[PDB]
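What follows are C-alpha cells for two forms of the same protein chain, given separately as structure 1 and structure 2.
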Structure 1
C-alpha cells in the first residue's frame, strides 16, 4: 500500500457525511430550466435525478449539463433558447445520450474512501452520491474537495514522507500539456465550446503576452443562471467575471520547484478546485487539480 492509501481503505464514506445536511433531488419530468434555477436557489452544484416511472435514481444533474445545453442550442442574443425553456430533464437526457450505456455511479456509506476516490477517477466525475442499499435513500454527495480536506488533517498527524519534500516537476503531478485557455476578450460562448471539447473544469484567462490575468471556471458559468443573463453569451469572459462577488485576488498560482506539501496546503486553504502552474513570467505551464493530487495519493 501507501501511507495515505491505508488510511483511505480504513474509513467508511459515513465518516465524511456531516451531521446535518441538505440534499436536492429532481424528478426527471421537471422542466430543465426550472432545475438549474433550483440549484442556484438552494446553493448546490449538483442533484440526483429521480424517474417516477422507473422508481429509481437514474442519474445526476450538474453545471456541466447547463454548459452542454447552452452551447448546443445557443443561436444569438436576439433569439431565446427554446430548448432550455421548453425541455424536461428526461428529454435532454435522451438527446444528449444516444447510447443507453451510462449508469448512475453511486457508493455505499459502508464502502471505504479509497474505493470512493477510485470511482471518481474511473468515471472521471466530480460528484459521487452516497446511497444506502437498505433504505434506497441518497444520503450525501461526495466530492474531491471534501475528501482532500479530510486527508489534509490526517496528513499532518502522520510523519512527513519524502514525496512532500520533492518538487512538482520531479513529482510529475498534474497536466502540463494541451492546456485549454481563453483570451481576456474571448466570448463566453466560445469558452463554453472549449469546456465541451476538452472536458476540463476551468480555463485560465491569458493576455496577449501569455500571462494569466484571471480564470474562468464552470462555477462562474452558473452565475448566468443566477442573474438570468444566459441569453447573451456574446460578452467576453472578462465582463462575465466582473460579476463575481468576491473582490478578486490575483489568480492562485504555484511553481514547478515548489513541494507537493506546499501546494496541498495552498489548495485546501483556498478551497479552489485547481491551481495554475506558472513561470516567473506568469506564462501558464500547466494545471494541478484536486483530481490530480488524489490520483497521486490513491496510487502512488
Structure 2
C-alpha cells in the first residue's frame, strides 16, 4: 500500500525530533519520587536503568502508577505505604514474580514498519529508540508520533479507496467488550477497570449511556500532580474538574465517516482515540491509534 510501503522505506531516526528531552530513572529510586519526576518534566514514560547490571531494564509508565494505586489503596484515612516506601526495582519484583518481561526497544536505523510491528506485537504504547553503538536511549516512540508523521509527509494522492471507505465498512475499532465508567464512578473503581481490561481510556457516560467526558490513563497522573492520590473515593468527574476551564467536548466519530476523516481528526487533535457515537452520543465503540496503525500495516 501507499502507507505500508512508506513505513517500510523510512527509518525511526526520521521521526526523532531535532531537540528533545528524555528522563531516565535508576531502579533504586523511590517509586513515589519517580512518578513526581514524570510530572515535573512533563513526561509520560521513562527508561529504567539498573546500575548493578549496567543496562536498561524496562519502562516506567502511568500504567504502573495505576497498578500500584489499585493494588495498595485501602482508604483515604490511611496512607499508601508501598507507594511511598517501595523502590522501582522492589515493585517490579512484586509485579512479576513468575512472569518475566524484557525491554522492548528498537534501533534508530530500523524502519517504521518494524516500529509499528513492535508496538502491535508487544501491546505497548512506548517504544524506546536505543542506539546499539553508544547504548544511549535516543527517543521514546509512540503511536501518536508515527501517525502524525504519516499524515504530514505523505501526499493525499495517490489515495487508496480504503481511505474513503467508511469506518463501519472497514470494521476498524472495538464495538464489543466496552470499558466505560459512570459520571459518579469512583476513581478507584476506574483504576480497577484499567487493570482488568487494559485499555487506554474509559468513556464517561450518563444514565442514558451518552458520553459526557473521557477518563484516560494520562488523566490519572494528575493525582500525583495535585498529590490527591491518597483519596480515590472521589468520582471520575471530580477528578476531571481540573481541566474544566479550557476543555472542548469529548472527541467522537460516527460509523458513516471515512477513515481519512478520522485520521485527520486524530492527528489534528493530538489524542490517542475517538469515541464512536450515534446521534444521541450513546457510545457504540472506540477507534484508537492502535486500531488505525494495525489496519495501515496489515493492508
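Rigid core (definition): largest C-alpha set, two forms, superposition within 1.5 Å. Positions refer to the first chain, counted from 1.
Superposing the rigid core between structure 1 and structure 2 leaves a single residue from 110, 172, 156, 197 with a C-alpha shift of at least 2 Å: 156. The two forms, fitted on their core, place the C-alpha of residue 248 2.0 Å apart, compared between structure 1 and structure 2. The rigid core superposition between structure 1 and structure 2 gives a CA shift for residue 98 of 1.2 Å.
When the rigid core is fitted, residue 187 shows a C-alpha shift of 0.2 Å between structure 1 and structure 2.
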